[PDB]
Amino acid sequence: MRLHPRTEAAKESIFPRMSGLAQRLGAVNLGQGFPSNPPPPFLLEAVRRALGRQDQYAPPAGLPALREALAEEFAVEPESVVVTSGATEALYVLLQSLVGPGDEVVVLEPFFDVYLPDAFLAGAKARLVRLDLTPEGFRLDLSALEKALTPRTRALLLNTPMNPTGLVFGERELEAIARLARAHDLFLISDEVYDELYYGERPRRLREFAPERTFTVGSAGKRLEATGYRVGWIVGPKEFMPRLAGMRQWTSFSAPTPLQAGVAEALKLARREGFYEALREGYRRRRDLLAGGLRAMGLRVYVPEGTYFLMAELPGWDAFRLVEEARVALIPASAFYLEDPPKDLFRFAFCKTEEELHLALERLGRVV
């Protein structure tokens, strides 16, 4: 008796693997992304208030309260919102409902750890499109993007703000995509879990330009510093939504109720108390600190416009040697690139305390 060949895709993600390596080595974890602080008090109290009164099942699509709250933020009706057990389940169930054997899916590179595996588990094939790493940071070359479409291609998967690059797609760029989308009738899947986490002008969502074909993915845990709550969501044309609620219902049924209840209150409060504004500033401060401290170490640093990840190049090192000898953990570029990853490109996470970032800066320092 042997497992089905499909299970060849079930390999320990690099993120949780390095997190274990770090505790074991007493290293500073700047790898897997998750805040070192607890989530805001209003979320915790909202969850506390839900325990003992909203502990049982919830409609597969989500608690009405949560849907209504997402509806307002997005300016859509409740029917167009489906609450999943994390953005992770949103992405899996999405690809699952949009591609299959013989179908192609464009995926920008470097990509996010869950895409390819999700694609493969659906049957589709990865149409990687490597962004250029010019001395001014990454950038999408629409020509190279365009040269990658075919009669098979049934969908395009975007990530903005982008993990791990930190790139924020600009208006003109989104047009070009919503455009190409329509031209070949391609589906649009936008991973925007970091929608509220940007450091410049407020980005323009992608559903604006190509509403009829856009699926926008978000995460409560990436919004409210509570990555362990597993409450995510899909927002797209209401006609398809009912099926998606059908899919995710076989995968896990519905998200945790008391957590769905708490996030519901928390999303509205957050919009009223200016929580996202403060969070962004707290992140910009730590972004500049890390990037600035690395700069002083004559390293090449590519300042991000969004998310709490940043990319730098450390000459002549590799994750596993760095974690053991410098006591600092990082995610190696080869985790995002399917082939030939820019040697010496590492990803730093700065959703940590100022003291952890400094500790990393000092340890990396005396290891010239």
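Don't overthink the numbering: it's just position in the shown sequence, from 1.
Per the entry, where is the mean C-alpha temperature factor higher: 314 to 322 or 59 to 67?
-> Taking the mean C-alpha B-factor of 314 to 322 and of 59 to 67, the larger value falls to 314 to 322.
Going by the B-factors listed in the PDB entry, is the mean over the C-alpha atoms higher for 211 to 219 or for 117 to 125?
-> Comparing averages over the C-alpha atoms only gives 117 to 125.
Quick one: which of 253, 112, 169, 276 shows the highest Cα temperature factor in the PDB entry?
-> 169 has the highest C-alpha B-factor of those listed.
Select one of 265, 132, 89, 72: the residue whose C-alpha shows the highest B-factor in the crystal structure entry.
-> Of the candidates given, the C-alpha B-factor peaks at 132.
Residue 351 by Cα B-factor - lowest, middle or highest third of the modelled chain = Lowest third - that is where residue 351 ends up once the chain's C-alpha B-factors are sorted.
Among the chain's modelled residues, which third holds the C-alpha B-factor of residue 232?
-> Lowest third of the chain for residue 232's C-alpha B-factor.
Relative to the other modelled residues of the same chain, rank the CA B-factor of residue 288 and answer lowest, middle or highest third.
-> Within its chain, residue 288 is a lowest-third residue by C-alpha B-factor, going by the deposited values.
If you rank the chain by CA B-factor, which third does residue 142 end up in: lowest, middle or highest?
-> Highest third of the chain for residue 142's C-alpha B-factor.
CA B-factor ranking of residue 337, expressed as a third of its chain = Top third by C-alpha B-factor.
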